[PDB]
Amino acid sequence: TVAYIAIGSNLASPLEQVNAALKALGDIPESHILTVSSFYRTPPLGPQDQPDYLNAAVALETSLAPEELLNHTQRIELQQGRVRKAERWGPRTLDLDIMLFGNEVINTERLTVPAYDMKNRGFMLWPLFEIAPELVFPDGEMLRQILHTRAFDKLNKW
């Protein structure tokens, strides 16, 4: 299955964090990286008292079940010093969000796929479009068309 994973970081040297995350993602069992996006510098969504983010996206081929993939992405966040604050949308060393897990629709307590807010976020859609321009969502929408409709600002390279 092709999983598309969003990467974000705005603490503790985001470029190093993203590079470390990519290495670690490739080391996940029964999985391998297919494609990686460019790195983008994006202003924070949410509270404005935090640094700009490095955002990227990666396509990962995996034979893991989705929740087992989640266990592994969460482990990588923790290995990279992720600390979860009280405030929503606050800063973090590393954030790995499963945007899509093949064409699956998943609704559980731990996991919602497609990622619940991705269609509203240029910092998720643009890096995804760079690596999967032909992508169609489980609901039948084309990524290319969602981008056309929303006309989100284009991103700047990190």
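Each residue number is its position in the shown sequence, starting from 1.
Engineer: Output the stretch having the higher mean C-alpha B factor in the entry; the candidates are 16 to 24 and 143 to 151.
Structural biologist: Mean B over CA atoms: larger for 143 to 151.
Engineer: In the PDB record, does 85 to 93 or 60 to 68 carry the higher mean Cα temperature factor?
Structural biologist: Result of the comparison: 85 to 93.
Engineer: If I read the C-alpha B-factors straight from the PDB entry, which of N120, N55, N103, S31 is highest?
Structural biologist: In this record, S31 carries the highest C-alpha B-factor of the candidates.
Engineer: Tell me which of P133, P44, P114, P127 tops the list for C-alpha B factor in the record.
Structural biologist: Of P133, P44, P114, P127, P133 has the highest C-alpha B-factor.
Engineer: By the recorded C-alpha temperature factor, relative to the other modelled residues in its chain, which third is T108 in?
Structural biologist: Highest third - that is where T108 ends up once the chain's C-alpha B-factors are sorted.
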